[PDB]
Amino acid sequence: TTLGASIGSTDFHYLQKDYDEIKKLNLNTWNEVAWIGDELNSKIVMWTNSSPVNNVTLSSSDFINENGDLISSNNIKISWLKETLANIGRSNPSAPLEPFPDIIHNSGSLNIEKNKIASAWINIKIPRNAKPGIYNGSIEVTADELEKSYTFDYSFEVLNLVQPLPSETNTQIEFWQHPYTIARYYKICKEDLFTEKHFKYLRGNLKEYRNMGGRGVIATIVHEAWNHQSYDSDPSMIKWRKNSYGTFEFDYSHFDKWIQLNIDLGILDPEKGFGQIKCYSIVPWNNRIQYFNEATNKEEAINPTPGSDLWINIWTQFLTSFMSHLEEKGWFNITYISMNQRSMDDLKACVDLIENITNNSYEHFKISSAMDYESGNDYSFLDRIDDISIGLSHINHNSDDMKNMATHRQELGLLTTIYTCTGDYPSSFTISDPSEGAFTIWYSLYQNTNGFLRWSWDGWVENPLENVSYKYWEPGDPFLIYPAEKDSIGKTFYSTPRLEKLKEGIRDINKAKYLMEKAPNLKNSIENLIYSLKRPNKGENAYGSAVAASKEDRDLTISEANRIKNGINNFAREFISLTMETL
Ligand SMILES: CC(=O)N[C@H]1[C@H](O[C@@H]2[C@@H](O)[C@H](O)O[C@H](CO)[C@@H]2O)O[C@H](CO)[C@H](O)[C@@H]1O
């Protein structure tokens with residue numbers, strides 16, 4: 001009995017603390033539904049008893065449907081979930097470290113020590129030319145110490161509908177990227193910033209971003225705009241100078257290469273008007289603008305207050321110059337000046353100034369901002385902000401205030417998202433149930449917004465692979481992907497279960513909206529399934545980290561994710577049946 005094995009949920013983590021409970025498992029069967037061009041995930045949870053085990057390997061057979069059509073084993077990637085330490089933990093250095101299996105790591109062998117849980121992630125890519133049908137296959141588990149092999153009956157049904165490509169949808173996704181963090185971690189030099197040596201470590205993860213739905217691209221326009229909240233500094237992609245004449249000149253060099261990269265990777269297409277450049281921020285931390293004074297040869301700073309005449313003068317110089325620069329590049333139409341949570345005075349000042357400054361064609365900068373909207377009715381001010389993200393904790397569990405607001409914005413063609421961050425449940429922390437990710441995306445469509453935003457693509461601590469612990473926030477909050485190992489030749493990042501569940505959700509809401517468009521007489525019933533979504537309640541654990549109110553609320557998150565997904569594929573079956581019975 002030297003090695004145990006079973007199928008596990010992807011909805012939650014299999015930890016060491018639940019070893020005893022886990023050792024009693026024996027799910028040998030797995031069945032699920034998917035579309036053509038979709039993906040599915042599963043997990044095989046394994047354990048040892050009082051002996052270590054070596055070269056444990058997982059094998060997938062080809063998958064074959066009822067008509068002999070073949071999805072080869074190359075479309076199934078089985079990857080070890082690597083464990084990493086996490087204080088649990090919000091702003092609390094004494095709370096305990098625990099391993100969490102947050103990292104979708106590598107294929108191939110793995111040694112496991114005595115008395116230890118070890119899980120492998122199974123990702124199944126259904127090719128975009130796959131035939132519909134019910135496919136069948138086997139996943140296998142040997143080791144050295146096993147003179148035998150375990151077997152698992154896997155089947156999935158491919159429905160005769162094609163998963164939309166991100167560009168065929170109207171889902172809006174924005175995850176904030178931190179290219180200088182990538183530079184620090186891979187030891188890229190100042191002089192090699194935003195050259196091909198740097199791009200080699202950005203390109204993989206930014207393609208990952210695009211292929212899941214990524215549309216928004218953040219770019220810093222002043223120095224240290226979030227006051228060094230993150231482990232890494234946030235340098236400005238636009239360097240400010242004050243010349244001998246005492247007016248401000250700007251060096252756009254980094255911004256341009258950053259944006260042009262994203263254009264080259266297909267995330268942004270300024271000519272066709274796709275994607276957003278989010279410029280953070282006209283209201284940076286404490287209004288502090290750092291600059292190199294050429295006159296006094298000193299690094300100096302100023303803190304002009306929004307509305308003040310110095311403030312007006314200064315941002316007028318910046319915005320007028322930035323506009324002209326963007327118009328020369330042909331990027332202006334997709335550029336958004338980002339604001340932040342401030343007083344209505346500060347915000348009214350920002351919007352007044354932005355709407356005043358116009359090009360030769362009487363058009364002004366688009367505006368983006370996270371906000372705190374909750375109570376109904378008044379849209380006179382928000383109708384002036386082009387893209388808004390509302391935090392989860394500032395959304396009412398019951399009222400139609402948000403849905404009406406969002407719908408008003410939808411009627412005018414303005415963007416609206418929701419976001420999660422520290423102190424939210426559901427959220428996308430290391431300690432989260434990954435399913436929370438899928439819920440989150442359903443909630444975005446529950447509220448009739450355009451989708452999801454999060455601040456946390458890649459804000460890595462020192463060595464996230466071994467320890468994710470940071471002095472602020474629930475652990476893993478600042479990053480949805482892990483870096484690869486510093487010496488890596490090949491991979492440049494690792495994905496995570498929580499990210500994979502955000503992807504699932506995005507794929508599934510895209511299904512919903514595809515059905516609504518294509519089968520308009522199934523629409524109202526789809527909307528009813530969506531609008532029947534039930535929101536769980538927020539608790540807090542012993543150390544400041546937001547968690548489910550109770551286990552009833554935990555299981556409700558999982559429950560509802562599955563519920564809406566399955567219901568949505570039943571609508572898919574209805575539209576397919578309807579089609580082939582009318583043919
Ligand atoms: C958009 C975003 O994620 N912003 C930061 C985020 O800030 C939010 C506030 O905007 C919101 O109103 O209140 C929250 C309370 O915890 C939170 O402060 O916080 C992130 C940290 O998880 C991060 O600092 C973002 O910069």
# chains A, B, ... in the order shown; residues from 1 in each chain; ligands from 1
$ residues_around --residues "residue 40 (chain A)" --least-positions-apart "5" --cutoff "9 Å" --atoms "only C-alpha atoms" --output "list in words"
residues 32, 33, 34, 122, 123, 124, 125, 126, 156 and 504 of chain A
$ residues_near_ligand --ligand "ligand 1" --cutoff "7 Å" --atoms "only C-alpha atoms and all ligand atoms" --output "PDB file with C-alpha atoms, in the first residue's frame"
ATOM      1  CA  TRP A 226       1.090  53.532  -5.589  1.00  0.00           C
ATOM      2  CA  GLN A 229       2.698  49.405  -1.977  1.00  0.00           C
ATOM      3  CA  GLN A 341     -10.875  56.554  -5.151  1.00  0.00           C
ATOM      4  CA  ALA A 370     -12.043  52.337  -9.902  1.00  0.00           C
ATOM      5  CA  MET A 371     -15.060  53.734  -7.947  1.00  0.00           C
ATOM      6  CA  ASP A 372     -17.341  53.015  -4.936  1.00  0.00           C
ATOM      7  CA  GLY A 391     -15.209  46.801  -5.986  1.00  0.00           C
ATOM      8  CA  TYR A 419     -12.949  43.840  -9.220  1.00  0.00           C
ATOM      9  CA  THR A 420     -11.708  41.944  -6.223  1.00  0.00           C
ATOM     10  CA  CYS A 421      -8.801  42.854  -4.015  1.00  0.00           C
ATOM     11  CA  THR A 422      -7.751  42.518  -0.345  1.00  0.00           C
ATOM     12  CA  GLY A 423     -10.625  41.907   2.119  1.00  0.00           C
ATOM     13  CA  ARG A 454      -7.904  42.905 -11.064  1.00  0.00           C
ATOM     14  CA  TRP A 455      -4.710  44.681 -10.036  1.00  0.00           C
ATOM     15  CA  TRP A 473      -2.929  41.721   2.107  1.00  0.00           C
ATOM     16  CA  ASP A 477      -3.163  38.876  -3.726  1.00  0.00           C
ATOM     17  CA  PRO A 478      -0.618  40.732  -5.862  1.00  0.00           C
TER      18      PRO A 478
END
$ residues_around --residues "region 132-141 of chain A" --least-positions-apart "4" --cutoff "6 Å" --atoms "only C-alpha atoms" --output "short mmCIF file (atom, residue, chain, number, x, y, z; two decimals) with N, CA, C and O atoms, in the first residue's frame"
data_model
loop_
_atom_site.label_atom_id
_atom_site.label_comp_id
_atom_site.auth_asym_id
_atom_site.auth_seq_id
_atom_site.Cartn_x
_atom_site.Cartn_y
_atom_site.Cartn_z
N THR A 57 4.63 8.94 -12.02
CA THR A 57 4.37 9.49 -13.35
C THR A 57 2.90 9.30 -13.72
O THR A 57 2.28 8.30 -13.36
N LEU A 58 2.34 10.29 -14.42
CA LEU A 58 0.95 10.28 -14.86
C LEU A 58 0.93 10.21 -16.39
O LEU A 58 1.64 10.98 -17.04
N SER A 59 0.13 9.30 -16.94
CA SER A 59 0.05 9.08 -18.40
C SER A 59 -1.38 9.22 -18.88
O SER A 59 -2.29 8.67 -18.26
N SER A 60 -1.56 9.94 -19.98
CA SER A 60 -2.85 10.05 -20.64
C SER A 60 -2.82 9.30 -21.96
O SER A 60 -1.87 9.42 -22.73
N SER A 61 -3.89 8.56 -22.20
CA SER A 61 -4.11 7.93 -23.49
C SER A 61 -4.66 8.97 -24.45
O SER A 61 -5.10 10.03 -24.03
N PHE A 63 -7.67 10.30 -26.68
CA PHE A 63 -9.12 10.26 -26.45
C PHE A 63 -9.83 10.03 -27.77
O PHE A 63 -9.50 10.67 -28.77
N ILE A 64 -10.79 9.09 -27.75
CA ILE A 64 -11.49 8.59 -28.94
C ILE A 64 -13.00 8.65 -28.69
O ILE A 64 -13.48 8.14 -27.68
N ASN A 65 -13.76 9.25 -29.61
CA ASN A 65 -15.22 9.30 -29.51
C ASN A 65 -15.92 8.05 -30.13
O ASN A 65 -15.26 7.15 -30.64
N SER A 149 0.04 -0.30 -11.68
CA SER A 149 -0.39 0.97 -12.24
C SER A 149 -1.87 1.20 -11.89
O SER A 149 -2.65 0.26 -11.95
N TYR A 150 -2.24 2.41 -11.49
CA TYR A 150 -3.67 2.75 -11.28
C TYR A 150 -4.27 3.25 -12.61
O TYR A 150 -3.53 3.66 -13.50
N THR A 151 -5.59 3.19 -12.73
CA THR A 151 -6.29 3.59 -13.96
C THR A 151 -7.54 4.38 -13.60
O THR A 151 -8.16 4.13 -12.56
N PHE A 152 -7.88 5.36 -14.45
CA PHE A 152 -9.00 6.28 -14.19
C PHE A 152 -9.82 6.48 -15.46
O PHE A 152 -9.28 6.84 -16.49
N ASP A 153 -11.13 6.22 -15.36
CA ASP A 153 -12.04 6.33 -16.50
C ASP A 153 -12.41 7.80 -16.69
O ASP A 153 -13.14 8.37 -15.89
N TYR A 154 -11.88 8.39 -17.76
CA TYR A 154 -12.16 9.78 -18.11
C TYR A 154 -12.97 9.79 -19.39
O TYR A 154 -12.62 9.11 -20.37
N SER A 155 -14.06 10.54 -19.37
CA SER A 155 -14.83 10.80 -20.56
C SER A 155 -15.23 12.26 -20.52
O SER A 155 -15.45 12.81 -19.44
N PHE A 156 -15.30 12.88 -21.69
CA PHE A 156 -15.96 14.19 -21.83
C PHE A 156 -16.79 14.22 -23.09
O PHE A 156 -16.43 13.59 -24.09
N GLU A 157 -17.88 14.99 -23.06
CA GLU A 157 -18.66 15.24 -24.25
C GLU A 157 -18.35 16.59 -24.86
O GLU A 157 -18.46 17.62 -24.18
N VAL A 158 -18.00 16.56 -26.15
CA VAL A 158 -17.81 17.76 -26.95
C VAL A 158 -19.11 18.12 -27.67
O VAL A 158 -19.50 17.45 -28.62
N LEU A 159 -19.76 19.20 -27.24
CA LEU A 159 -20.96 19.70 -27.92
C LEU A 159 -20.62 20.33 -29.27
O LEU A 159 -19.51 20.85 -29.44
N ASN A 160 -21.58 20.33 -30.21
CA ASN A 160 -21.34 20.84 -31.57
C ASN A 160 -21.53 22.35 -31.66
O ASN A 160 -22.36 22.84 -32.41
#
$ closest_atom_pairs --of "region 106-213 of chain A" --to "region 463-469 of chain A" --cutoff "12 Å" --atoms "only C-alpha atoms" --output "CSV"
residue,atom,partner,partner_atom,distance
A:181,CA,A:463,CA,11.8
A:184,CA,A:463,CA,11.4
A:185,CA,A:463,CA,8.4
A:186,CA,A:463,CA,11.2
$ write_last_selection --atoms "N, CA and C atoms" --output "PDB file, in the first residue's frame"
ATOM      1  N   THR A 181       8.918  44.583 -12.577  1.00  0.00           N
ATOM      2  CA  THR A 181       8.981  43.454 -11.654  1.00  0.00           C
ATOM      3  C   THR A 181       9.557  42.245 -12.380  1.00  0.00           C
ATOM      4  N   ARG A 184      13.276  42.952 -12.659  1.00  0.00           N
ATOM      5  CA  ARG A 184      13.992  42.676 -11.404  1.00  0.00           C
ATOM      6  C   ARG A 184      14.200  41.177 -11.204  1.00  0.00           C
ATOM      7  N   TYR A 185      13.126  40.404 -11.325  1.00  0.00           N
ATOM      8  CA  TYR A 185      13.180  38.976 -11.015  1.00  0.00           C
ATOM      9  C   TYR A 185      14.125  38.209 -11.930  1.00  0.00           C
ATOM     10  N   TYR A 186      14.108  38.533 -13.223  1.00  0.00           N
ATOM     11  CA  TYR A 186      15.008  37.890 -14.191  1.00  0.00           C
ATOM     12  C   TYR A 186      16.364  38.596 -14.360  1.00  0.00           C
TER      13      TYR A 186
END
$ residues_around --residues "region 554-559 of chain A" --least-positions-apart "4" --cutoff "12 Å" --atoms "only C-alpha atoms" --output "JSON, numbers by chain"
{"A": [9, 10, 11, 12, 425, 426, 427, 432, 433, 434, 435, 436, 437, 438, 439, 440, 441, 442, 443, 501, 533, 534, 535, 536, 537, 538, 539, 547, 548, 549, 550, 563, 564, 565, 566]}
$ atom_distance --atom1 "CA of residue 406 (chain A)" --atom2 "CA of residue 447 (chain A)"
7.1 Å
$ closest_residue --among "A:499, A:320, A:242, A:479" --to "residue 300 (chain A)" --atoms "only C-alpha atoms"
A:242
$ residues_around --residues "residue 453 (chain A)" --least-positions-apart "4" --cutoff "9 Å" --atoms "only C-alpha atoms" --output "list in words"
residues 172, 173, 174, 175, 176, 216, 389, 417, 418, 419 and 420 of chain A
$ select_by_dssp --residues "region 424-494 of chain A" --states "strand (DSSP E or B)" --output "ChimeraX atom specification"
/A:451-454,458,463,467,479,482-483,493-494
$ write_last_selection --atoms "N, CA, C and O atoms" --output "compact mmCIF listing (two decimals), in the first residue's frame"
# COMPACT_ATOMS: atom_id res chain seq x y z
N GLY A 451 -17.56 42.92 -17.51
CA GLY A 451 -16.65 41.86 -17.07
C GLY A 451 -15.87 42.12 -15.79
O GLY A 451 -16.45 42.56 -14.80
N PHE A 452 -14.55 41.85 -15.82
CA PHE A 452 -13.71 41.76 -14.62
C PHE A 452 -12.37 42.52 -14.75
O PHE A 452 -11.77 42.61 -15.83
N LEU A 453 -11.92 43.09 -13.63
CA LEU A 453 -10.63 43.76 -13.53
C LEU A 453 -9.98 43.27 -12.26
O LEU A 453 -10.68 43.00 -11.28
N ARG A 454 -8.66 43.13 -12.29
CA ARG A 454 -7.90 42.91 -11.06
C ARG A 454 -6.52 43.52 -11.21
O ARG A 454 -6.01 43.68 -12.32
N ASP A 458 0.96 40.02 -11.91
CA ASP A 458 2.36 39.61 -11.83
C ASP A 458 3.24 40.33 -10.79
O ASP A 458 4.47 40.37 -10.95
N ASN A 463 10.64 35.63 -3.98
CA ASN A 463 10.73 34.26 -4.47
C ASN A 463 9.36 33.61 -4.25
O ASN A 463 9.18 32.81 -3.33
N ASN A 467 7.95 31.11 -1.14
CA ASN A 467 7.20 31.85 -0.16
C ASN A 467 6.54 33.05 -0.83
O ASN A 467 7.22 33.87 -1.41
N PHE A 479 -0.46 38.70 -7.27
CA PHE A 479 -0.16 37.98 -8.52
C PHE A 479 -1.02 36.74 -8.78
O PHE A 479 -1.16 35.87 -7.93
N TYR A 482 2.76 32.77 -11.35
CA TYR A 482 4.08 32.67 -10.74
C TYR A 482 5.12 32.90 -11.81
O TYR A 482 4.88 32.66 -12.99
N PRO A 483 6.31 33.36 -11.40
CA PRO A 483 7.42 33.35 -12.32
C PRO A 483 7.93 31.94 -12.51
O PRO A 483 7.55 31.04 -11.75
N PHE A 493 6.92 31.55 -16.95
CA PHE A 493 5.89 31.70 -15.91
C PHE A 493 5.21 30.36 -15.66
O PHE A 493 5.34 29.43 -16.47
N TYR A 494 4.53 30.26 -14.52
CA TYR A 494 3.63 29.14 -14.21
C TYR A 494 2.26 29.69 -13.90
O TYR A 494 2.13 30.79 -13.33
$ residues_around --residues "residue 106 (chain A)" --least-positions-apart "5" --cutoff "9 Å" --atoms "only C-alpha atoms" --output "number ranges by chain"
A: 78-82, 494
$ write_last_selection --atoms "C-alpha atoms" --output "PDB file, in the first residue's frame"
ATOM      1  CA  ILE A  78      -0.786  16.671 -16.642  1.00  0.00           C
ATOM      2  CA  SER A  79       1.251  18.965 -14.382  1.00  0.00           C
ATOM      3  CA  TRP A  80       2.393  18.602 -10.740  1.00  0.00           C
ATOM      4  CA  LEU A  81       0.931  21.188  -8.378  1.00  0.00           C
ATOM      5  CA  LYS A  82       3.940  22.677  -6.563  1.00  0.00           C
ATOM      6  CA  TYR A 494       3.629  29.136 -14.208  1.00  0.00           C
TER       7      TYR A 494
END
$ select_by_dssp --residues "region 301-469 of chain A" --states "alpha helix (DSSP H)" --output "CSV table (one decimal) with N, CA and C atoms, in the first residue's frame"
chain,number,residue,atom,x,y,z
A,309,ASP,N,-4.4,75.9,-8.8
A,309,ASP,CA,-4.0,76.5,-10.1
A,309,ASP,C,-2.6,76.0,-10.5
A,310,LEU,N,-1.8,75.6,-9.6
A,310,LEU,CA,-0.5,74.9,-9.9
A,310,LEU,C,-0.9,73.6,-10.5
A,311,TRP,N,-1.8,72.8,-9.8
A,311,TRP,CA,-2.2,71.5,-10.3
A,311,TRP,C,-2.8,71.6,-11.7
A,312,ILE,N,-3.6,72.6,-12.0
A,312,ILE,CA,-4.2,72.8,-13.3
A,312,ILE,C,-3.1,73.1,-14.3
A,313,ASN,N,-2.2,74.0,-14.0
A,313,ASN,CA,-1.1,74.3,-14.9
A,313,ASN,C,-0.3,73.1,-15.3
A,314,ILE,N,0.0,72.3,-14.3
A,314,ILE,CA,1.0,71.2,-14.4
A,314,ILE,C,0.4,70.0,-15.2
A,315,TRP,N,-0.8,69.6,-14.9
A,315,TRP,CA,-1.5,68.5,-15.7
A,315,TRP,C,-1.9,69.0,-17.1
A,316,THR,N,-2.2,70.3,-17.3
A,316,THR,CA,-2.4,70.8,-18.6
A,316,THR,C,-1.2,70.7,-19.5
A,317,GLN,N,0.0,71.0,-18.9
A,317,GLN,CA,1.2,70.8,-19.6
A,317,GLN,C,1.4,69.3,-20.0
A,318,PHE,N,1.1,68.4,-19.1
A,318,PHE,CA,1.3,66.9,-19.3
A,318,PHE,C,0.3,66.4,-20.3
A,319,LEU,N,-1.0,66.6,-20.1
A,319,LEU,CA,-2.0,66.1,-20.9
A,319,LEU,C,-2.0,66.6,-22.3
A,320,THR,N,-1.6,67.9,-22.5
A,320,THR,CA,-1.5,68.5,-23.8
A,320,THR,C,-0.4,67.9,-24.6
A,321,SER,N,0.8,67.7,-23.9
A,321,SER,CA,1.9,67.1,-24.5
A,321,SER,C,1.7,65.6,-24.8
A,322,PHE,N,1.0,64.9,-23.9
A,322,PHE,CA,0.7,63.5,-24.0
A,322,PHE,C,-0.2,63.2,-25.1
A,323,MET,N,-1.2,64.0,-25.3
A,323,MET,CA,-2.2,64.0,-26.4
A,323,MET,C,-1.5,64.1,-27.7
A,324,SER,N,-0.6,65.1,-27.9
A,324,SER,CA,0.1,65.3,-29.1
A,324,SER,C,1.0,64.1,-29.4
A,325,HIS,N,1.7,63.6,-28.4
A,325,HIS,CA,2.5,62.4,-28.6
A,325,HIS,C,1.7,61.2,-29.1
A,326,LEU,N,0.6,61.0,-28.4
A,326,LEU,CA,-0.3,59.8,-28.8
A,326,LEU,C,-0.9,60.0,-30.2
A,327,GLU,N,-1.2,61.2,-30.5
A,327,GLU,CA,-1.7,61.5,-31.9
A,327,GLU,C,-0.7,61.2,-33.0
A,328,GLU,N,0.6,61.6,-32.7
A,328,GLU,CA,1.7,61.3,-33.6
A,328,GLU,C,1.9,59.7,-33.8
A,329,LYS,N,1.7,59.0,-32.7
A,329,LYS,CA,1.8,57.5,-32.8
A,329,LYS,C,0.5,56.9,-33.3
A,344,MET,N,-15.1,63.7,-4.1
A,344,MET,CA,-15.9,64.2,-5.3
A,344,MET,C,-15.3,65.6,-5.8
A,345,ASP,N,-14.7,66.4,-5.0
A,345,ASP,CA,-13.9,67.6,-5.4
A,345,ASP,C,-12.8,67.2,-6.3
A,346,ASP,N,-11.9,66.3,-5.8
A,346,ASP,CA,-10.7,65.9,-6.5
A,346,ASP,C,-11.1,65.3,-7.9
A,347,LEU,N,-12.2,64.4,-7.9
A,347,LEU,CA,-12.6,63.8,-9.1
A,347,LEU,C,-13.3,64.8,-10.1
A,348,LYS,N,-14.2,65.7,-9.6
A,348,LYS,CA,-14.8,66.7,-10.4
A,348,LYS,C,-13.7,67.6,-11.0
A,349,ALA,N,-12.5,67.8,-10.3
A,349,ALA,CA,-11.4,68.6,-10.9
A,349,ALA,C,-10.7,67.9,-12.0
A,350,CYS,N,-10.4,66.6,-11.8
A,350,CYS,CA,-9.9,65.7,-12.9
A,350,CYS,C,-10.7,65.7,-14.2
A,351,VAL,N,-12.0,65.5,-14.0
A,351,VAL,CA,-12.9,65.4,-15.2
A,351,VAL,C,-13.0,66.7,-15.9
A,352,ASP,N,-13.2,67.8,-15.1
A,352,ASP,CA,-13.3,69.2,-15.7
A,352,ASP,C,-12.1,69.4,-16.6
A,353,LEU,N,-10.9,69.2,-16.1
A,353,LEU,CA,-9.6,69.4,-16.8
A,353,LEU,C,-9.5,68.6,-18.1
A,354,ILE,N,-9.8,67.3,-18.0
A,354,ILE,CA,-9.7,66.3,-19.1
A,354,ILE,C,-10.7,66.7,-20.2
A,355,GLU,N,-11.9,67.0,-19.8
A,355,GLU,CA,-12.9,67.5,-20.8
A,355,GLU,C,-12.6,68.8,-21.5
A,356,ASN,N,-11.8,69.7,-20.8
A,356,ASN,CA,-11.4,71.0,-21.4
A,356,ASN,C,-10.4,70.8,-22.5
A,401,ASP,N,-29.8,48.4,-8.0
A,401,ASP,CA,-29.1,49.7,-8.2
A,401,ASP,C,-27.9,49.5,-9.2
A,402,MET,N,-27.0,48.6,-9.0
A,402,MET,CA,-25.9,48.3,-9.8
A,402,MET,C,-26.3,47.8,-11.3
A,403,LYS,N,-27.2,46.8,-11.3
A,403,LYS,CA,-27.6,46.3,-12.6
A,403,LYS,C,-28.2,47.4,-13.5
A,404,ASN,N,-29.0,48.3,-12.9
A,404,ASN,CA,-29.5,49.5,-13.6
A,404,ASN,C,-28.4,50.4,-14.0
A,405,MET,N,-27.5,50.7,-13.1
A,405,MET,CA,-26.4,51.6,-13.5
A,405,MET,C,-25.6,51.0,-14.6
A,406,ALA,N,-25.1,49.7,-14.5
A,406,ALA,CA,-24.4,49.0,-15.5
A,406,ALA,C,-25.2,49.0,-16.8
A,407,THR,N,-26.5,48.8,-16.8
A,407,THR,CA,-27.3,48.8,-18.0
A,407,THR,C,-27.4,50.1,-18.7
A,408,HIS,N,-27.5,51.2,-17.9
A,408,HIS,CA,-27.4,52.5,-18.4
A,408,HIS,C,-26.1,52.8,-19.2
A,409,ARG,N,-25.0,52.3,-18.6
A,409,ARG,CA,-23.7,52.4,-19.2
A,409,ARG,C,-23.6,51.6,-20.5
A,410,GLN,N,-24.1,50.3,-20.4
A,410,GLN,CA,-24.3,49.5,-21.6
A,410,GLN,C,-25.1,50.1,-22.8
A,411,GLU,N,-26.2,50.8,-22.4
A,411,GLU,CA,-27.0,51.5,-23.4
A,411,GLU,C,-26.3,52.7,-24.1
A,412,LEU,N,-25.4,53.4,-23.3
A,412,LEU,CA,-24.5,54.4,-23.9
A,412,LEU,C,-23.1,53.9,-24.5
A,435,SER,N,-12.4,28.0,-7.3
A,435,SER,CA,-13.8,28.2,-7.7
A,435,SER,C,-14.4,29.6,-7.6
A,436,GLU,N,-13.9,30.2,-6.5
A,436,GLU,CA,-14.2,31.7,-6.3
A,436,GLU,C,-14.0,32.5,-7.5
A,437,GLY,N,-12.9,32.2,-8.2
A,437,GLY,CA,-12.6,32.8,-9.5
A,437,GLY,C,-13.8,32.7,-10.5
A,438,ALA,N,-14.3,31.4,-10.7
A,438,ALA,CA,-15.4,31.2,-11.6
A,438,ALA,C,-16.6,32.0,-11.2
A,439,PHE,N,-16.9,32.0,-9.9
A,439,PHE,CA,-18.0,32.7,-9.3
A,439,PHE,C,-17.9,34.2,-9.7
A,440,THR,N,-16.8,34.8,-9.4
A,440,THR,CA,-16.5,36.2,-9.7
A,440,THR,C,-16.9,36.5,-11.1
A,441,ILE,N,-16.6,35.7,-12.1
A,441,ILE,CA,-16.9,36.1,-13.5
A,441,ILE,C,-18.4,36.0,-13.7
A,442,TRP,N,-19.1,35.0,-13.1
A,442,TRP,CA,-20.6,34.9,-13.2
A,442,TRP,C,-21.2,36.1,-12.6
A,443,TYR,N,-20.7,36.6,-11.4
A,443,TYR,CA,-21.2,37.8,-10.8
A,443,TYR,C,-21.1,39.0,-11.7
A,444,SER,N,-20.0,39.2,-12.4
A,444,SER,CA,-19.9,40.3,-13.4
A,444,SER,C,-21.1,40.4,-14.4
A,445,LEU,N,-21.5,39.2,-14.8
A,445,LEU,CA,-22.6,39.2,-15.8
A,445,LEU,C,-24.0,39.2,-15.0
A,446,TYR,N,-24.0,38.7,-13.8
A,446,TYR,CA,-25.1,38.8,-12.9
A,446,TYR,C,-25.5,40.3,-12.8
$ closest_residue --among "A:339, A:583, A:161, A:86" --to "residue 515 (chain A)" --atoms "only C-alpha atoms"
A:161
$ residues_around --residues "residue 147 (chain A)" --least-positions-apart "4" --cutoff "12 Å" --atoms "only C-alpha atoms" --output "PDB file with C-alpha atoms, in the first residue's frame"
ATOM      1  CA  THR A   1       0.000   0.000   0.000  1.00  0.00           C
ATOM      2  CA  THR A   2       2.967   2.296  -0.770  1.00  0.00           C
ATOM      3  CA  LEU A   3       1.006   4.895  -2.844  1.00  0.00           C
ATOM      4  CA  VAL A 141      -0.319   6.273 -12.413  1.00  0.00           C
ATOM      5  CA  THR A 142       2.778   4.103 -11.812  1.00  0.00           C
ATOM      6  CA  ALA A 143       5.845   4.524  -9.605  1.00  0.00           C
TER       7      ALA A 143
END
$ closest_residue --among "A:241, A:573, A:511, A:215" --to "residue 334 (chain A)" --atoms "only C-alpha atoms"
A:215
$ atom_distance --atom1 "CA of residue 296 (chain A)" --atom2 "CA of residue 249 (chain A)"
15.2 Å
$ closest_residue --among "A:357, A:117, A:259, A:529" --to "residue 275 (chain A)" --atoms "only C-alpha atoms"
A:259
$ closest_atom_pairs --of "region 10-30 of chain A" --to "region 99-103 of chain A" --cutoff "10 Å" --atoms "only C-alpha atoms" --output "CSV"
residue,atom,partner,partner_atom,distance
A:12,CA,A:101,CA,9.8
A:13,CA,A:101,CA,6.6
A:14,CA,A:101,CA,7.4
A:15,CA,A:100,CA,6.6
A:16,CA,A:99,CA,7.8
A:17,CA,A:99,CA,9.6
$ write_last_selection --atoms "N, CA and C atoms" --output "PDB file, in the first residue's frame"
ATOM      1  N   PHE A  12     -11.087  23.400  -5.102  1.00  0.00           N
ATOM      2  CA  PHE A  12     -10.394  23.676  -3.850  1.00  0.00           C
ATOM      3  C   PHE A  12      -9.065  22.936  -3.762  1.00  0.00           C
ATOM      4  N   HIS A  13      -8.238  23.335  -2.798  1.00  0.00           N
ATOM      5  CA  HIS A  13      -6.891  22.788  -2.618  1.00  0.00           C
ATOM      6  C   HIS A  13      -6.916  21.532  -1.750  1.00  0.00           C
ATOM      7  N   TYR A  14      -5.970  20.629  -2.005  1.00  0.00           N
ATOM      8  CA  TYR A  14      -5.744  19.461  -1.169  1.00  0.00           C
ATOM      9  C   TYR A  14      -4.452  19.681  -0.408  1.00  0.00           C
ATOM     10  N   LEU A  15      -4.620  19.970   0.880  1.00  0.00           N
ATOM     11  CA  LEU A  15      -3.550  20.398   1.778  1.00  0.00           C
ATOM     12  C   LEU A  15      -3.037  19.231   2.609  1.00  0.00           C
ATOM     13  N   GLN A  16      -1.928  19.455   3.307  1.00  0.00           N
ATOM     14  CA  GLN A  16      -1.357  18.439   4.203  1.00  0.00           C
ATOM     15  C   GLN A  16      -2.181  18.236   5.473  1.00  0.00           C
ATOM     16  N   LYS A  17      -2.756  19.322   5.989  1.00  0.00           N
ATOM     17  CA  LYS A  17      -3.583  19.281   7.209  1.00  0.00           C
ATOM     18  C   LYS A  17      -4.792  18.349   7.104  1.00  0.00           C
TER      19      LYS A  17
END
